[PDB]
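Two forms, one protein chain; structure tokens for each follow separately as structure 1 and structure 2.
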Structure 1
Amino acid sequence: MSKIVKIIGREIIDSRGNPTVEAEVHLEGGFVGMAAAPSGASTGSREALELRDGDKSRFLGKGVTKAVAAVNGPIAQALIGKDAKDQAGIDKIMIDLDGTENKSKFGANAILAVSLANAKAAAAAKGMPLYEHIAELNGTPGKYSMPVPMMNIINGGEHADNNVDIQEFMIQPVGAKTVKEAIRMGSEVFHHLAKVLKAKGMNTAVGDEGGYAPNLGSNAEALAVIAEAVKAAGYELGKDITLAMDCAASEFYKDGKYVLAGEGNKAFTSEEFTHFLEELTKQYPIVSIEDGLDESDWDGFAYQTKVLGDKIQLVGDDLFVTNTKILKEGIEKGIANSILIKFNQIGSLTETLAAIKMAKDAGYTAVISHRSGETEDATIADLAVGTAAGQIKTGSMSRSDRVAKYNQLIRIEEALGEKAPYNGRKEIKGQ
């Protein structure tokens, strides 16, 4: 009923200065939606293909003119005249026309940008916000929550050129009563952490995700300075604020072993790394650990899930790449208990909702996530609210590539009130 009349793709710039794909979907009657594809750095090997040009004379080879041409040409022609409200039909047309398993013909960045822009245009045609339309697409209309955020305030790994191997150290304001209060608590701790770091003579410039990127004596020292900032900010660690990590351990898995390069190449077997992580959760209220082993180390993950899974949320990111075919095998093999949801790992909104539903049906939690390369787009805020996912990972409290998502969450909660409860700690698997 809400026909597409024009689709426009363009090459814009992401939060790291690299090209990415932006799409506009226009409907008859004037309704418009616009979205952009984010871009990972620590990309899992089974993510759908992010199509780049490889022309060394433009953007050091990282242009996206081929993906943009797919949007403007073959994708646009296939969608003119179709009903924007039929999200699954729209995504199927693009997915099938591409015809490859990993979306390597058009690029997952082309298809995703159109997929999200289309859903926004359809929401406008229905006179409703995206989160409300998403809940209708999800078959759960009017069912909302404001997500509990995990905020990455010390950056390492591929996200910063410091000596920290662990990618992300996060705080979660589970004690807050609203997402608005959670955001302030994160801001206050983040600012107190800068004072803690300067008093130790450590660097307070920020990494890709807006967290500080100091050099540390060990990876675990990040937890120590975060604990100091939480206290100096006046909050009680373990009651007002809990802790989460994204190891991105696929980035330091070498020759069957996990090697912490920043700590003199200290080496661990899969077992030993699981018990290293276990000991950190006894010293600190770490309640969530993402990608604690390599994406291929399923034997290791089965062991880690038996050892930690009853007590800790274990989030598969590169492990599952937001892909129901992989998540399904994990559920049947007792692998992890949570999935990080990145719609550019799979490339369409419809496939993303399927991953979220499969998680919830199995009792796994779903954490809606940014990528380390972001734009001013705030689609994941509407996605987390409109699926009542319960958790979001969208960066530190600095850089607008992160904070724009927090601002959209503030606006949505203002609009929804008690219709979008902030459920706090119990959202986290094992709490």
Structure 2
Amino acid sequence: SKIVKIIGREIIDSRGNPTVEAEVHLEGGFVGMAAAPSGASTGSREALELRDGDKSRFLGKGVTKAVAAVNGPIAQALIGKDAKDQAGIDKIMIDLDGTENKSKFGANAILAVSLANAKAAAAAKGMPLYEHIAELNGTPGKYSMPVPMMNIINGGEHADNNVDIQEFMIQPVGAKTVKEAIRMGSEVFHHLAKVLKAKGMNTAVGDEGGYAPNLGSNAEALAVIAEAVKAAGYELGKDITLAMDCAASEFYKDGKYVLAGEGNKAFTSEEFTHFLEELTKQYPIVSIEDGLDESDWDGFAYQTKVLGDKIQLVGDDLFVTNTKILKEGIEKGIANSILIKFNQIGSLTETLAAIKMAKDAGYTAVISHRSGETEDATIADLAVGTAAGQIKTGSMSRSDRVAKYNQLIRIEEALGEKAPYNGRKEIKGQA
């Protein structure tokens, strides 16, 4: 299916910042369109988005350069090529950029085209993206509806409260379909607003559509979530489990973990592991993301020995969707799960490779949004088409989050009996 036109444009993301949208047009009239979510433009470890840095537009956050890469050299290199050959398309862009971290054209440019190409190819093949992804994956007809971990309470750098943990999430493991999981999520989300209102706390929402009320401790956040779960008529631990992201790099100083909102105490790597362990005995927390600093591999080795048999230990900053880092982690018994941010790697082909590496090693892959999102819902198709089993795509408000849940609804409706919702067993450590 020959590519005939590629169009790049600068659109606006859910935080009001520019991002890249691409369209891939094929002979026969087939069109795919996708957008890149927000990412890092500096740093040594992940694929880098290209930003303009022109202070006179969007406070330096323009993406005109990345859009120009799409419309110019990327378009020129891809016109006439076969969109169905995803690896080939991705390789052309990867080689043309020439940098490991896609920092010439920008991972935002390359990813937008990579995804739009895949959508266009699916259309040409008369099938939805999730079906095409399964074919590209060498696992045709193999699907699941992912178990969502849904942002609910924010802290640390993502709030202005005394909660140290960056976010707490609910997982409707007791649901029997993704539609039910979404409804459960919605009901808990609404009951939490009522619970917080009665406490005199603020219920306006953050980037991911959840709450950041002025709670005074990590324990208070867990308690308020438990209360909302009860209010909604669900059973904590059976119907709904908890997941957290510590973003522990945010409190790492001089080789120790200092928690302000815990009386500014300075835990060793081992002590912080046991702090977390105690939380997991007090509440049904079954997944912990970035529970130590990304550099703290000795600490992660210990945390994995102590918690890994019964708790999902998700590397986000730890792995930055990097197969080179993931491979070494696996070799060294570091964590047992990885957050998949496709814009940290920059192409669909490479994203499939990361998901596969995790699965082959018995690690779980959790398909993730970014803080800056769009109306795009490609991660829903990605999670289903690779049968990843889990998704982290926000609270139950803001269409930058809910667009993904709606797409999961459409996909489950279409696939029916062919896309099981497996519930708690998707989570690493849960049988």
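FYI, numbering is relative to structure 1, first residue = 1. Only the largest set of C-alpha atoms that superpose within 1.5 Å between the two forms is called the rigid core.
When the two forms are superposed on their rigid core between the two structures, the C-alpha shift of 2 Å or more among 98, 351, 251, 132 belongs solely to 251. Annotation: Cα of residue 157 displaced by at least 2 Å between the two structures, core superposition. In the core-superposed comparison between the two structures, the C-alpha atom of residue 373 has shifted by less than 2 angstroms.
Taking 2 Å as the criterion, residue 240 does not count as shifted between the two structures: its C-alpha moves by less than this amount when the rigid core is aligned. Once the core is aligned between the two structures, the alpha carbon position of residue 42 differs by 11.6 Å; this is the C-alpha shift at that site.
The Cα position of residue 295 changes by 1.5 Å between the two structures once both are aligned on the rigid core.
With the core fitted, the CA of residue 192 sits 0.3 Å away from its counterpart between the two structures.
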